[PDB]
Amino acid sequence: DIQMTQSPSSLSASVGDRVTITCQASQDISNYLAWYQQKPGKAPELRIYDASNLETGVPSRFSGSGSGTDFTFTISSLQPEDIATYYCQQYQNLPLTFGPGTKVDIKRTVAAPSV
């Protein structure tokens, strides 16, 4: 199919932070990409379509860049409302393909496992 890759798997940031996710394609996909937010036990929610366009009433804080191969999604400021699994979806062809996902989380308790 199209393979979609999501760098990285999980992260932990902090309120206020700027956070960046990488979604990479197999084919050249032009800019036929969608981001989704998914708070646990919720349906996915459309964030960005067409690589860059913000769905109506999303906050300009969520951002989407890239075309072809590499895509970037950025949150300029962390809000506790953004806790979630992020997804990218290609629509260059069928089967419509989603990427594994990027789980975004607060820094809490564990060493920032920095040994």
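One-based numbering along the sequence shown.
- Stretches compared: 76-84, 51-59. Higher mean C-alpha B-factor in the entry: 76-84.
- Higher average CA B factor: 62-70, of the stretches 62-70 and 41-49.
- Of the candidates 92, 20, 24, 10, the PDB record gives 20 the highest C-alpha temperature factor.
- Ranked by Cα temperature factor within the chain, residue 106 sits in the middle third according to the deposited record.
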